[PDB]
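Reading through the structure tokens given below for one structure.
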Amino acid sequence: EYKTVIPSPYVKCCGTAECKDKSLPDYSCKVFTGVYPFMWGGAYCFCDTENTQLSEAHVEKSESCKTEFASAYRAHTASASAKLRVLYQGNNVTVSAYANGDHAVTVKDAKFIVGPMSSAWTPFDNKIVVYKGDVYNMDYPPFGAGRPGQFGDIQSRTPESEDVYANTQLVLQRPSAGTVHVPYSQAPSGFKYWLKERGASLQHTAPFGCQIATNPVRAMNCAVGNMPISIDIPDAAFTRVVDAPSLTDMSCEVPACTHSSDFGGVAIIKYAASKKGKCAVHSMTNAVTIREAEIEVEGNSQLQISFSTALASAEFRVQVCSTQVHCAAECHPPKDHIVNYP
Amino acid sequence: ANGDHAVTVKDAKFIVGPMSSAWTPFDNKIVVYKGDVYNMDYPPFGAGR
Amino acid sequence: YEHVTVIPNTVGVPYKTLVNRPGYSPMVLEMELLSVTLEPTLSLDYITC
Amino acid sequence: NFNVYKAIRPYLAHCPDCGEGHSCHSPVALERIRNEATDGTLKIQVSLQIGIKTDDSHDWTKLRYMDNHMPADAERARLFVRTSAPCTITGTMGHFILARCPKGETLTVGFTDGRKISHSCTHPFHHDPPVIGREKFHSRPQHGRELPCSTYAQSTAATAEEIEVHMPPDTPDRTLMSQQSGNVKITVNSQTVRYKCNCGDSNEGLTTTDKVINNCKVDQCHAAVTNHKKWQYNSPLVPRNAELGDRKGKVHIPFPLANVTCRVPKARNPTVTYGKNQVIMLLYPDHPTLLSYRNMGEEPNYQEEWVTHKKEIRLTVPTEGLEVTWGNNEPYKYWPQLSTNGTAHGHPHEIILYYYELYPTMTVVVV
Amino acid sequence: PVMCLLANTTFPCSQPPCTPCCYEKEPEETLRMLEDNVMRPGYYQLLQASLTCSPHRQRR
Ligand SMILES: *[C@@H]1O[C@H](CO)[C@@H](O)[C@H](O)[C@H]1NC(C)=O
């Protein structure tokens with residue numbers, strides 16, 4: 001915000017004294033003629049008719065510029081960052097990185113190297129403004145070439161930069177009738193209007209569900225594209241299949257499937273494990289999702305699991321710990337209507 | 001020199017620029033010594049050789 | 001004049017521009033380029049010492 | 001510590017619009033508004049010094065107001081600040097007035113006197129208190145939520161900001177020139193009077209005594225007091241001492257601004273149902289509050305409004321859900337499910353309306 | 001310390017030629033001080049000396 005500052009103007013009674021043509025941001029000067037100075041005891045000067053009055057006016061910064069100011073920034077290329085929690089065999093561990101193919105971290109034998117951001121799109125243009133809780137992608141006028149009554153009504157590079165490009169045109173007037181004051185003309189600003197009508201911040205203008213976050217400003221949580229991760233794990237995790245039971249005579253029986261977003265159906269796997277042991281279950285298609293990942297199995301019985309797909313009939317195959325089951329499920333129309341999670 | 005900064009001196013007005021040829025002698029990944037800069041792919045953070 | 005010209009990007013070449021203002025006194029003016037300062041993006045990534 | 005009194009200087013005041021159309025000689029007038037607190041507290045310049053005196057006490061019964069070359073005093077319980085509603089004065093300190101008060105076409109301050117007759121400087125003053133956040137209020141809040149904001153910090157330690165304080169023009173008092181048979185006895189009365197006379201033998205000059213200006217009348221004499229002892233300020237809207245440049249003004253002016261939070265009102269949660277590829281949202285209102293929404297793809301397609309009443313609003317939902325932000329609450333997030341049912345398999349085809357659930361009526365031209 | 005100049009001597013802003021209570025001994029030289037020495041930030045300490053209640057008039 002600027003501040004319009006005047007001096008105590010010069011009441012040159014009985015004559016005229018021309019001002020000094022100083023260089024101030026919107027310097028303005030006028031010596032009005034035939035003025036009438038007035039005070040408590042009637043007129044101020046005993047000289048009456050030849051009273052002229054020099055008047056000056058200027059505009060500078062205000063005192064709100066220490067912590068309350070907007071900033072036209074030039075935005076540039078974006079740097080990525082990602083957060084990852086792995087349930088490492090019943091153990092949740094979490095780490096942040098760059099999602100660029102270029103940020104390797106290792107902890108608990110987890111050589112987490114991500115793959116590249118498969119997209120390349122940034123939600124920001126260079127011409128960006130920011131004030132104190134938000135940003136706005138609009139084209140401000142540049143420094144020097146600003147416009148009065150807008151962004152660029154007053155222009156400074158830094159708050160410590162004292163080059164205040166001002167545009168006010170505060171033209172003075174003759175006072176009303178002997179009134180000891182200086183009237184000036186119209187000068188609308190930008191802070192008086194556009195802060196009230198900046199409107200929808202880029203938090204609200206965000207495609208793909210982006211979100212913005214200040215200090216520093218950043219585009220979070222528009223997960224678009226596909227992220228690779230290479231992860232190397234030693235033989236400390238893998239155990240021999242003879243330490244597992246050889247599951248035989250598997251037969252899947254689905255009492256109720258319903259092609260939905262949530263738990264799409266329930267299944268029973270008639271299995272014949274040879275012994276006790278912990279082994280894996282993984283469907284050979286990506287479409288149906290068993291919610292069960294690592295199952296402890298015991299023998300020659302019927303385990304019961306769930307699954308989830310939107311296939312109208314899920315006919316597929318599961319590697320049940322290096323053994324194969326083929327599964328079939330007549331799924332039903334989804335009776336749920338709204339879901340809060342994708 | 002970009003066509004944005006008008007300047008008047010003894011009422012002589014000039015907007016300078018912008019630059020015609022926008023050629024740049026710099027790479028993105030550049031490393032800086034106390035008097036110098038070099039175009040060289042420094043290895044990325046966490047993924048260094 | 002509002003004489004907008006394009007002088008060649010050469011430091012230290014006196015460009016002699018012509019102001020034949022309409023029905024006015026002719027006036028030749030000199031210009032001379034003295035520096036070309038180009039400052040790229042100040043985006044420090046990481047360090048190595 | 002705690003003195004402002006001696007950097008002040010006796011340039012006086014005539015209030016150019018003190019109400020009911022016209023002007024009056026009043027020292028208590030309004031000059032400047034500072035409204036830049038985000039929450040809506042108001043910071044006001046006066047030509048007086050409050051909280052402080054001639055002898056610099058924190059008393060609230062005296063305040064230096066200038067009545068014709070006199071320091072007179074007034075009670076600080078008689079502070080009638082009023083824009084359209086009488087304002088809620090919080091901060092009274094020297095140059096500065098801090099108050100929270102609503103919309104008004106004008107703004108005035110009212111004051112008692114040494115004659116104990118209160119008046120008011122009343123200028124047409126269209127200050128408009130700002131808006132912040134999304135919420136308004138009916139009753140007073142003692143149970144609310146968070147909003148970041150900024151307001152004027154109540155600190156005396158704001159240095160290197162000033163107003164223009166300067167040596168007076170004069171104090172022309174036409175009650176000093178008594179006439180002794182066509183002469184003028186300038187009754188100075190412990191002052192320093194500059195006379196400007198259109199007569200003989202004493203025209204223009206200083207005097208300290210009740211001077212004899214012969215063959216001269218009241219309209220032929222002047223009695224302008226060059227005040228340099230008692231010192232009480234104004235704004236620089238009134239003119240200067242016009243013998244040189246400016247007496248440079250140096251008074252540090254306190255009460256800066258800083259960032260805080262506020263006990264903002266919340267926004268009442270509305271009610272919704274799902275329907276066939278769409279949502280049906282009744283809204284409990286509280287006051288006129290904005291609402292926004294968008295979708296989650298290549299464009300947000302965000303539409304914004306203010307809603308006012310118990311409003312049932314219907315929105316179709318794309319395949320990517322819907323994001324409706326209502327109040328400063330959680331941004332409500334939604335995702336579609338295939339709605340009810342197509343059919344059985346049966347003797348007819350009856351998979352076309354299976355297919356009018358799964359990719360409904362899209363890519364049905366191809367078959 | 002910080003050097004205040006009344007156009008004649010380069011005195012400290014903590015040590016004026018009239019330490020303390022400038023206005024209590026001279027009004028208009030304090031006003032010329034308010035015209036000239038305002039270019040110095042330590043003059044405020046002189047304003048804590050002259051103006052803001054550290055005079056001879058206090059019984060400190
Ligand atoms: C581990 O993470 C899974 C999902 O990653 C979560 O469901 C589970 O509650 C977490 N358990 C613990 C103990 O953190």
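To be explicit about the labels: the chains of the structure tokens are called A, B, and onward in the order shown, and within each one the residues are counted from 1, while ligands get numbers from 1 in the order they are shown.
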Throw together the list of residues within 7 Å of ligand 1, counting only C-alpha atoms and all ligand atoms, and drop it here as number ranges by chain. A: 85-87, 90-92
Spatial neighbours of residue 3 of chain E, max dist 10 Å, only C-alpha atoms, sep filter under 4 positions, as a ChimeraX atom specification: /E:9-16,37,40-43
For the strand (DSSP E) assignment from backbone DSSP, which residues of segment 90-335 of chain A qualify? Please present them as a PyMOL selection string. chain A and resi 92-97+104-106+111-114+127-131+134-136+154-155+165-166+211-213+218-220+229-230+248-258+265-272+277-283+294-297+300-307+316-320+323-327+331-332
Who sits within 12 Å of residue 27 of chain B, only C-alpha atoms, same chain under 4 positions skipped, as a PyMOL selection string: (chain B and resi 23+31-32+37-42) or (chain C and resi 40-41)
Which residues in chain E does DSSP call helix (DSSP H, G or I)? List them as a count of residues only. 22
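Omitting residue 26 of chain C and its sequence neighbours fewer than 6 positions away, and counting only C-alpha atoms, the residues within 12 Å are residues 1, 17, 18, 19 and 20 of chain C.
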Do you have, as a Markdown table, the list of residues of chain E lying at most 7 Å from chain D, each with its nearest atom pair and that distance in Å to one decimal, counting only C-alpha atoms and ordered by chain then number?
| residue | atom | partner | partner_atom | distance |
| --- | --- | --- | --- | --- |
| E:23 | CA | D:6 | CA | 6.9 |
| E:34 | CA | D:248 | CA | 6.0 |
| E:35 | CA | D:248 | CA | 4.7 |
| E:48 | CA | D:1 | CA | 6.8 |
| E:51 | CA | D:6 | CA | 6.0 |
| E:52 | CA | D:3 | CA | 4.3 |
| E:53 | CA | D:1 | CA | 4.9 |
Could you please select, counting only C-alpha atoms, the residues of chain B within 7 Å of chain A and state them as a list in words?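 In the required form, that comes to residues 4, 5, 6, 44, 45, 46 and 47 of chain B.
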Point-to-point distance in Å for atom CA of residue 205 of chain D and atom CA of residue 243 of chain D: 13.6 Å
Interatomic distance, atom CA of residue 94 of chain A to atom CA of residue 47 of chain C (Å, one decimal):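 Separating atom CA of residue 94 of chain A from atom CA of residue 47 of chain C is a distance of 25.6 Å.
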Show me, as a short mmCIF file (atom, residue, chain, number, x, y, z; two decimals) with N, CA, C and O atoms, in the first residue's frame, the residues that have an atom within 9 Å of residue 255 of chain A when counting only C-alpha atoms, minus same-chain residues fewer than 4 positions from it.
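And here is the file that came out, part-v2.cif:
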data_model
loop_
_atom_site.label_atom_id
_atom_site.label_comp_id
_atom_site.auth_asym_id
_atom_site.auth_seq_id
_atom_site.Cartn_x
_atom_site.Cartn_y
_atom_site.Cartn_z
N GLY A 265 -16.49 -58.99 -4.02
CA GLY A 265 -17.10 -60.27 -3.73
C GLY A 265 -16.33 -61.01 -2.67
O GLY A 265 -15.30 -60.56 -2.18
N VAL A 266 -16.86 -62.18 -2.32
CA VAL A 266 -16.23 -63.08 -1.37
C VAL A 266 -16.07 -64.44 -2.04
O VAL A 266 -16.90 -64.84 -2.87
N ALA A 267 -14.97 -65.12 -1.74
CA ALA A 267 -14.65 -66.39 -2.37
C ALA A 267 -14.19 -67.38 -1.31
O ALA A 267 -13.71 -67.00 -0.24
N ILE A 268 -14.35 -68.66 -1.62
CA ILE A 268 -13.84 -69.75 -0.81
C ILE A 268 -12.88 -70.54 -1.69
O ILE A 268 -13.22 -70.91 -2.81
N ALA A 329 -16.55 -65.97 -11.00
CA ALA A 329 -17.47 -65.24 -10.13
C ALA A 329 -18.48 -64.50 -11.00
O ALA A 329 -18.11 -63.56 -11.70
N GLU A 330 -19.74 -64.93 -10.95
CA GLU A 330 -20.80 -64.11 -11.52
C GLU A 330 -20.99 -62.90 -10.63
O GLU A 330 -21.47 -63.02 -9.50
#
Identify all chain D residues at most 6 Å from chain A by counting only C-alpha atoms; ligands do not count. Present them as a PyMOL selection string. chain D and resi 172-174+236-240+242+274+296-300+334-337+339-341
Any chance you could export the current selection's C-alpha atoms as a PDB file, in the first residue's frame?
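Now in selection_3.pdb:
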ATOM      1  CA  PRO D 172      -3.742  35.779  14.825  1.00  0.00           C
ATOM      2  CA  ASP D 173      -5.927  36.992  17.687  1.00  0.00           C
ATOM      3  CA  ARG D 174      -8.016  40.075  16.976  1.00  0.00           C
ATOM      4  CA  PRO D 236      -0.080  19.302   7.598  1.00  0.00           C
ATOM      5  CA  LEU D 237      -3.315  20.013   5.727  1.00  0.00           C
ATOM      6  CA  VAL D 238      -3.288  23.455   7.377  1.00  0.00           C
ATOM      7  CA  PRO D 239      -0.490  25.736   6.065  1.00  0.00           C
ATOM      8  CA  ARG D 240       3.059  26.285   7.268  1.00  0.00           C
ATOM      9  CA  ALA D 242       5.837  30.778   5.521  1.00  0.00           C
ATOM     10  CA  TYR D 274     -26.805 -39.714  -4.245  1.00  0.00           C
ATOM     11  CA  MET D 296     -10.905 -33.598 -10.905  1.00  0.00           C
ATOM     12  CA  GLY D 297      -9.622 -33.784 -14.464  1.00  0.00           C
ATOM     13  CA  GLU D 298      -8.099 -31.731 -17.257  1.00  0.00           C
ATOM     14  CA  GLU D 299      -9.987 -28.671 -16.021  1.00  0.00           C
ATOM     15  CA  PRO D 300     -11.525 -28.071 -12.605  1.00  0.00           C
ATOM     16  CA  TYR D 334     -17.001 -37.562  -3.904  1.00  0.00           C
ATOM     17  CA  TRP D 335     -16.662 -40.435  -6.365  1.00  0.00           C
ATOM     18  CA  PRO D 336     -19.318 -42.103  -8.527  1.00  0.00           C
ATOM     19  CA  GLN D 337     -20.454 -45.693  -8.370  1.00  0.00           C
ATOM     20  CA  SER D 339     -25.872 -46.540  -9.918  1.00  0.00           C
ATOM     21  CA  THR D 340     -28.517 -49.262  -9.501  1.00  0.00           C
ATOM     22  CA  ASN D 341     -28.854 -52.170 -11.946  1.00  0.00           C
TER      23      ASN D 341
END
Provide the atom CA of residue 184 of chain A to atom CA of residue 40 of chain D distance in Å, to one decimal place.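 These atoms are spaced 27.1 Å apart.
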Determine which residues of chain C sit within 9 Å of chain B, taking into account only C-alpha atoms, and present them as a PyMOL selection string. chain C and resi 2+6+9+36-38+40+45-47
Output file for the residues above (N, CA, C and O atoms, as a PDB file, in the first residue's frame):
ATOM      1  N   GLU C   2       9.299  10.097 -32.032  1.00  0.00           N
ATOM      2  CA  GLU C   2       9.240   8.836 -31.314  1.00  0.00           C
ATOM      3  C   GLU C   2       9.927   7.820 -32.220  1.00  0.00           C
ATOM      4  O   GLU C   2       9.301   6.972 -32.858  1.00  0.00           O
ATOM      5  N   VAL C   6      16.406  -0.225 -34.228  1.00  0.00           N
ATOM      6  CA  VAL C   6      17.029  -1.454 -33.755  1.00  0.00           C
ATOM      7  C   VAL C   6      18.511  -1.317 -34.071  1.00  0.00           C
ATOM      8  O   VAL C   6      18.922  -1.441 -35.230  1.00  0.00           O
ATOM      9  N   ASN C   9      23.674  -5.264 -31.720  1.00  0.00           N
ATOM     10  CA  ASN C   9      24.136  -5.573 -30.365  1.00  0.00           C
ATOM     11  C   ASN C   9      25.665  -5.648 -30.327  1.00  0.00           C
ATOM     12  O   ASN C   9      26.284  -6.712 -30.297  1.00  0.00           O
ATOM     13  N   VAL C  36      26.298  -5.539 -21.617  1.00  0.00           N
ATOM     14  CA  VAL C  36      25.189  -6.456 -21.860  1.00  0.00           C
ATOM     15  C   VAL C  36      25.215  -7.450 -20.707  1.00  0.00           C
ATOM     16  O   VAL C  36      26.019  -8.383 -20.686  1.00  0.00           O
ATOM     17  N   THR C  37      24.342  -7.254 -19.725  1.00  0.00           N
ATOM     18  CA  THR C  37      24.310  -8.093 -18.535  1.00  0.00           C
ATOM     19  C   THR C  37      23.115  -9.036 -18.621  1.00  0.00           C
ATOM     20  O   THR C  37      21.965  -8.586 -18.619  1.00  0.00           O
ATOM     21  N   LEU C  38      23.392 -10.336 -18.698  1.00  0.00           N
ATOM     22  CA  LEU C  38      22.362 -11.366 -18.735  1.00  0.00           C
ATOM     23  C   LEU C  38      22.523 -12.257 -17.514  1.00  0.00           C
ATOM     24  O   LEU C  38      23.586 -12.853 -17.311  1.00  0.00           O
ATOM     25  N   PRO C  40      20.867 -15.414 -15.464  1.00  0.00           N
ATOM     26  CA  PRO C  40      19.878 -16.497 -15.521  1.00  0.00           C
ATOM     27  C   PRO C  40      19.209 -16.800 -14.190  1.00  0.00           C
ATOM     28  O   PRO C  40      19.380 -16.061 -13.217  1.00  0.00           O
ATOM     29  N   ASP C  45      20.606 -25.862  -6.377  1.00  0.00           N
ATOM     30  CA  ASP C  45      20.015 -27.181  -6.195  1.00  0.00           C
ATOM     31  C   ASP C  45      20.553 -27.878  -4.955  1.00  0.00           C
ATOM     32  O   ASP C  45      19.799 -28.156  -4.017  1.00  0.00           O
ATOM     33  N   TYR C  46      21.856 -28.143  -4.927  1.00  0.00           N
ATOM     34  CA  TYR C  46      22.496 -28.768  -3.781  1.00  0.00           C
ATOM     35  C   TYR C  46      23.976 -28.417  -3.819  1.00  0.00           C
ATOM     36  O   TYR C  46      24.430 -27.657  -4.673  1.00  0.00           O
ATOM     37  N   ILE C  47      24.739 -28.948  -2.862  1.00  0.00           N
ATOM     38  CA  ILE C  47      26.142 -28.581  -2.744  1.00  0.00           C
ATOM     39  C   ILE C  47      27.020 -29.818  -2.826  1.00  0.00           C
ATOM     40  O   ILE C  47      26.559 -30.957  -2.729  1.00  0.00           O
TER      41      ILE C  47
END
So that I can see what lies close to segment 261-272 of chain D, please list as a short mmCIF file (atom, residue, chain, number, x, y, z; two decimals) with N, CA and C atoms, in the first residue's frame the residues with an atom at most 6 Å from it, counting only C-alpha atoms and leaving out residues fewer than 3 positions away in the same chain.
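This went into out.cif:
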data_model
loop_
_atom_site.label_atom_id
_atom_site.label_comp_id
_atom_site.auth_asym_id
_atom_site.auth_seq_id
_atom_site.Cartn_x
_atom_site.Cartn_y
_atom_site.Cartn_z
N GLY D 144 -15.92 -20.99 18.43
CA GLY D 144 -15.63 -20.85 17.02
C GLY D 144 -14.40 -21.64 16.62
N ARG D 145 -13.90 -21.35 15.42
CA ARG D 145 -12.74 -22.06 14.88
C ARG D 145 -11.70 -21.07 14.40
N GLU D 146 -10.70 -21.59 13.70
CA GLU D 146 -9.48 -20.85 13.41
C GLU D 146 -9.55 -20.12 12.07
N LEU D 147 -9.02 -18.89 12.04
CA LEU D 147 -8.67 -18.27 10.76
C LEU D 147 -7.43 -17.39 10.90
N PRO D 148 -6.41 -17.57 10.06
CA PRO D 148 -5.27 -16.65 10.07
C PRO D 148 -5.63 -15.29 9.50
N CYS D 149 -5.00 -14.26 10.05
CA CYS D 149 -5.36 -12.88 9.77
C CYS D 149 -4.24 -11.97 10.26
N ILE D 280 -27.49 -34.68 -4.63
CA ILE D 280 -28.66 -33.89 -4.25
C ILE D 280 -28.37 -33.33 -2.86
N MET D 281 -28.03 -32.05 -2.77
CA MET D 281 -27.48 -31.46 -1.55
C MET D 281 -28.39 -30.36 -1.03
N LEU D 282 -29.11 -30.66 0.06
CA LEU D 282 -29.80 -29.63 0.83
C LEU D 282 -28.78 -28.92 1.71
N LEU D 283 -28.92 -27.61 1.83
CA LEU D 283 -28.03 -26.80 2.64
C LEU D 283 -28.83 -26.05 3.69
N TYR D 284 -28.61 -26.44 4.95
CA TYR D 284 -28.84 -25.58 6.10
C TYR D 284 -28.06 -24.29 5.92
N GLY D 327 -18.04 -23.33 2.90
CA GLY D 327 -17.41 -22.74 4.06
C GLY D 327 -15.92 -23.00 4.05
#
